[PDB]
Amino acid sequence: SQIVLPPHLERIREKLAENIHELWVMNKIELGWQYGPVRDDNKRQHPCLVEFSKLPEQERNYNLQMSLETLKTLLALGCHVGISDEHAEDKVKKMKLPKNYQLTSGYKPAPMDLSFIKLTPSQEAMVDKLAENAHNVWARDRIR
Ligand SMILES: Nc1ncnc2c1ncn2[C@@H]1O[C@H](COP(=O)(O)OP(=O)(O)OP(=O)(O)O)[C@@H](O)[C@H]1O
Numbered sequence: 758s759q760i761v762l763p764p765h766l767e768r769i770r771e772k773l774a775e776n777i778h779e780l781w782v783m784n785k786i787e788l789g790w791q792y793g794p795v796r797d798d799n800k801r802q803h804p805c806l807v808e809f810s811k812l813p814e815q816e817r818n819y820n821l822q823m824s825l826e827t828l829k830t831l832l833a834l835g836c837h838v839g840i841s842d843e844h845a846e847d848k849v850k851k852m853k854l855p856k857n858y859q860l861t862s863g864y865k866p867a868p869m870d871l872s873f874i875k876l877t878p879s880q881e882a883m884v885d886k887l888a889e890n891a892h893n894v895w896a897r898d899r900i901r
């Protein structure tokens, strides 16, 4: 909470929050899950697969806030803020997946394919630390 976002990282915060609900629904569709009227895992139907508005707005807001907390954790571990270029921010590419893996909504099936992006071990350990901190947050939630 003591960490405050710089305004530029803050545009990127809301924009990547939209990117995060996109990634969440895309993980949901990568799981090969089914969409239905009722929110039951046992009968294997959930209407939380298509877009953010189809979700409960409070659930989407909590998704946004946990993405915000995840990037605040990224800041807390002390990552130096870096940006490639302004074009890579104004215009992001839209990879197309086949129709089978195409989302029912109008969003791009994924931001861009994992082949061209190789993530360095410096941030690989960074993600591990994110994993421990998220596990600790869930654990204190269970303790509460
Ligand atoms: N799919 C979701 N992922 C994360 N948070 C969610 C999700 N759906 C609802 N929430 C929000 O999270 C809170 C409780 O749901 P949550 O998913 O955290 O619980 P859970 O999966 O039953 O497990 P735990 O209580 O251990 O977190 C509420 O504020 C709720 O609005």
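At position 119 of the sequence shown the residue is numbered 876 (the numbering used here), and the sequence of numbers has no breaks.
We treat Cβ as the ideally placed atom computed from N, Cα and C, and that holds for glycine.
Query	Result
Proximal residues to residue 851 (C-beta, below 6 Å), its chain only, five neighbours per side dropped	865
Endpoints, the alpha helix (DSSP H) within which residue 886 is located	878-900
C-alpha gap between residue 885 and residue 873, whole angstroms	22 Å
Where residue 838 falls, given that 16 or more other Cβ within 10 Å makes a residue buried	exposed
Residue 778 vs residue 818 beta-carbon contact at 8 Å	no
Nearest-angstrom Cβ-Cβ length linking residue 774 and residue 824, presumed shorter than 8 Å	5 Å
C-alpha gap between residue 822 and residue 894, whole angstroms	13 Å
Start-to-end residues for the alpha helix (DSSP H) that takes in residue 782	764-787
Through-space distance from residue 815 to residue 792, alpha-carbon basis	20 Å
Distance cut-off 7 Å: residue 799 Cβ against heavy atoms of ligand 1	no
Backbone secondary structure at residue 759 - three-state DSSP	coil
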